[PDB]
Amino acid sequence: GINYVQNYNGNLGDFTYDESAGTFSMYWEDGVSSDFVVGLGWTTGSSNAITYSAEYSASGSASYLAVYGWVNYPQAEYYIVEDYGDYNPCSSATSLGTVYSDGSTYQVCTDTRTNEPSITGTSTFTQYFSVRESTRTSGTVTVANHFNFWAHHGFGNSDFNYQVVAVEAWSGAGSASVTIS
């Protein structure tokens, strides 16, 4: 029951959505050289499972097909990356382990962003990432398995701000078309 539309620089590409149908698409087939994050979701996140289906094409693009959201305190930005382009965030970040969920292992890592854009303006926050090793573009994400693993490493696992299925990119070109079931 979609009630939040995520649009962070959606203007850099062609973002279309229908909250009633639970569908959206994003074309950035001419390329982008700045960050966008677009998607559909809920004003308050939870640990309920999310089922989605997508056509996602982002080879040669620093991009993610991800469940994305925030925790108010301790302030954290989080990603459960189902598929991605050229860039793996865990290659550079502090490794936390591996979690197994919904048919694959996920590399888990963390990072700290200082004086960067956040749900409160500009601030310092922690990032948690689960990056799928056998990437896919459809399935169920049992969000609770990721939240419970990250909670061992300081993730607040309560006091949630928004949560969306999102497409992000900051370079390259591609397209995406997603349905949330």
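Start at 1 and count along the sequence shown; that's the residue number.
Participant: Would you tell me which stretch averages the higher CA B-factor in the PDB entry, 10-18 or 155-163?
Facilitator: In the deposited entry, the stretch with the higher C-alpha B-factor mean is 10-18.
Participant: Comparing 60-68 with 27-35, which has the greater mean CA B-factor as deposited?
Facilitator: Averaging CA B-factors over each stretch, the winner is 27-35.
Participant: Using the temperature factors in the entry, find which of 131, 119, 49, 40 has the highest value at its Cα atom.
Facilitator: Answer for 131, 119, 49, 40: 119, with the highest C-alpha B-factor.
Participant: Name the one of 90, 76, 99, 81 with the greatest CA B-factor according to the PDB entry.
Facilitator: Answer, based on the entry's C-alpha B-factors: 90.
Participant: Comparing against every modelled residue in the chain, figure out the third that the C-alpha B-factor of residue 105 lands in (lowest, middle or highest).
Facilitator: For residue 105, the deposited C-alpha B-factor lands in the middle third.
Participant: Compared with the other modelled residues in the chain, in which third is the CA B-factor of residue 146?
Facilitator: Lowest third of the chain for residue 146's C-alpha B-factor.
Participant: Lowest, middle or highest third: where is residue 115 by Cα B-factor in its chain?
Facilitator: Highest third, going by the recorded CA B-factors of the chain.
Participant: Residue 140's Cα B-factor: lowest, middle or highest third of the chain?
Facilitator: Its C-alpha B-factor belongs to the lowest third of this chain's values.
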